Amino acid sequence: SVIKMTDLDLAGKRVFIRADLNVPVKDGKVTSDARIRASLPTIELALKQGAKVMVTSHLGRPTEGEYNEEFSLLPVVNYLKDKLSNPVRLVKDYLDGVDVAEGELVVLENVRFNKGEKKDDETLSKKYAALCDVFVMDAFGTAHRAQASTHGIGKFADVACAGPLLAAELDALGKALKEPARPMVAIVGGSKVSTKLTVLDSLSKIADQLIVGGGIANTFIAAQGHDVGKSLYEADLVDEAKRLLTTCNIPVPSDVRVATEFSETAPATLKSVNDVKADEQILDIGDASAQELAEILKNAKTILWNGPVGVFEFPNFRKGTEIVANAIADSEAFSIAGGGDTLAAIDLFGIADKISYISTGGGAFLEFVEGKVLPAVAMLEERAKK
């Protein structure tokens, strides 16, 4: 349980919002505004109440203490100026006090310029907190990392709370992972089971069925006793795949699509998993498997989706992920999706409006699903615990 920004009266109060405004920038201009558009209702909620609003973010790859116009939040400020009637201005020196009026927006320069940021420095965190009455954490995508503007500030701020974006994220994750509606189906696709083993373990305890995809599925196929040829798999994780297979309901591709080489030119051949040649690499599941997964996902009441079931980057190996993506979309289930690869699939098949909740949390999304403690959330849970 966390305190919510939306439950507070911010009239004439100094509000420090940590947002994710790490947008792609080209020639001093924003090229993708998705993150700002998501953040805007949080900023405006505070502004409309006549609050003294400060918003800040990380951007790009700066070195602490080393300023760089390349990683300045100026392009974000300009965007905000065009999209807001309220006066907007960038402030570069603020660690020792900032002048903020009611109804105006101050953008505090890239926090990653500040020494002690990555290390969650106490002195820096205290300086952040002294700037505000209320600290608002609204960047779930950084909540998994203990940093001065994401974690430490919440230790010393008079009030520490969650913004609308963070709160909606926690609600969605809760709905899917805590007493789900039942036929909770999870999909874990990826190139390596090693990198997603904790994800697999955590979900295997929750899901009624756990669907494996991509290179993860390959290792599971090898675990079933099928030779995978030159397919991407991990021999040192066959035992983990075998362990999960024999103890959990985990669908494994019965048929598969193979290639001769790893290219966008390479042709696709549909074969059973019993007949993979030593020089054939699996790059997508077959038709029979895809239709099987589609049926399972149709009957689900809750779906968690993370990763592809094939190399959808190649048209010849896109069919499998298309069927799965559309099955989740057309399903009456509450569907949550997360992961860079997953979102690219969502955009590719044009089903964003069909998924109940789309997480942009990336690494933070995966770490929450793992059952790992996210520092920013833990902080907010602690402050909210009186």
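Just count from 1 along the sequence shown to find any residue number.
Which has higher Cα B-factors on average according to the PDB entry: 325-333 or 63-71?
Higher mean C-alpha B-factor: 63-71.
State which stretch shows the higher mean Cα B factor in the entry: 155-163 or 220-228.
Per the PDB record, 220-228.
Which listed residue, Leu203, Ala172, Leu293, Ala139, has the largest C-alpha temperature factor in the record?
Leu293 has the highest C-alpha B-factor of those listed.
Among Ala168, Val212, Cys132, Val276, where is the Cα temperature factor highest, going by the PDB entry?
Result of the comparison over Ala168, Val212, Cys132, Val276: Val276.
In terms of the CA temperature factor given in the entry, to which third of its chain does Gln281 belong: lowest, middle or highest?
It falls in the top third of the chain.
Sorting by Cα B-factor within the chain, modelled residues only, which third would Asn114 end up in: lowest, middle or highest?
Middle third.
Sorting the chain's modelled residues by C-alpha B-factor, tell me whether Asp208 ends up in the lowest, middle or highest third.
Tercile = lowest for this residue's CA B-factor.
Lowest, middle or highest third: which one holds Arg37 when the chain's residues are ordered by CA B-factor from the entry?
Ranked within chain, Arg37 CA B lands in the lowest tercile.
Which third, lowest, middle or highest, does the CA B-factor of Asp287 fall in along this chain?
Highest third, going by the recorded CA B-factors of the chain.
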